[PDB]
């Protein structure tokens, strides 16, 4: 009866079921696997509306119409990338080196699901884990529980119809920290896909189980002197306002040069941004930064009007983002940190070199290894940013949120965006099927001992 014990029991039950379900997947051919993958894609996509509405209603986060596009992306876009990849059995036979390469599935994948992008992340993690021959057990955020449970129900039913063994795709029905702890620590858990906060990722790397973790997204968008101002402002608003800023790859600040500063402020205003007065900025800043130095969860995925009301603000009805001018960087400077909300800091640099230095300083305090955006027509400046910005994905003339996940760019389509070693993670990739299998190499003898000691 006690909730944590039942949760720990259920976790042990799901992993066991998932372990034997994977052994059955492992026996399947590439064609049999792809038949399953396409069926998960279709069920995910067919239920795009219902799951998007479910998630919005339960979490109170975002915009259901935007969650639909997240579901479409997680289904069709990921499917289209992964459909023709060889991920199963014999991959390569080098007949000159005499080395053969075979894909080995990891085993049971433990997927931690955020409340910010719940149904889309479930679909994405399922497609890529099953594609690589793995079973997946999900850890749902308590306040997106029903949405995630129905996503798992819908996609696992379609997979099982297409030949997938029962138990290969499952989810905790009783969310506890103790339960999630067990899922992570379990001997028969092969890898943790750790999409969550910084304490949750640190836990996953302290679990004993190999983990693939994320960091906070604190991505500046530098609008450089040669950028088309209208297009840059459009890209940023497209991303920042997408699902009320729930995607980690969305812009957290705008950096402008002195030459374009006012031209950019005016364009933001013209496209519906609201600039906070100095007084309005500190008032919201006081509300955003909690006494313990945490960022206020009360803003996450909420509307501009919702956030204004919480902060004691009165803001125009058609305001699309709140923007505050910022000069400093630090743990006590909330505008310099991740605000999963339609709230942006606004920085001014005199030159592109000053903008690079400020971005480094922003990223080093928070957001290193994740995302930075640059709007520019200058090939030389973009290349300097490419060689120096401490991120894993550097986005050029594109909306941040959409560009970072590979919706508007040719990055790998993903909702797990690895932050690399600088962010404390084991990978910097947009996670796909190639991150979820090992290579076994089968090598023939080419030399004798007598050759190597001569």
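Positions refer to the first chain, counted from 1.
> Should the higher mean CA B-factor in the entry be assigned to 197-205 or to 178-186?
According to the PDB entry, the answer is 197-205.
> Between 90-98 and 134-142, name whichever shows the higher mean Cα B factor according to the PDB entry.
The deposited B-factors put 90-98 ahead on the C-alpha mean.
> Among 421, 415, 401, 47, where is the Cα temperature factor highest, going by the PDB entry?
Answer for 421, 415, 401, 47: 47, with the highest C-alpha B-factor.
> If I read the C-alpha B-factors straight from the PDB entry, which of 82, 229, 298, 373 is highest?
Among 82, 229, 298, 373, the highest C-alpha B-factor in the entry belongs to 298.
> Based on the entry's values, in what third of the chain does the Cα temperature factor of residue 66 lie: lowest, middle or highest?
Answer is middle: the recorded C-alpha B-factor places it there.
> Place residue 163 in the lowest, middle or highest third of its chain's C-alpha B-factors, as listed in the PDB entry.
It falls in the top third of the chain.
> Could you tell me which third, lowest, middle or highest, the C-alpha B-factor of residue 334 occupies within its chain?
Within its chain, residue 334 is a highest-third residue by C-alpha B-factor, going by the deposited values.
> Ordered by C-alpha B-factor within the chain, which third holds residue 6? Give me lowest, middle or highest, please.
It falls in the middle third of the chain.
> Sort the modelled residues of this chain by their C-alpha B factor and say whether residue 77 lands in the lowest, middle or highest third.
Middle third.
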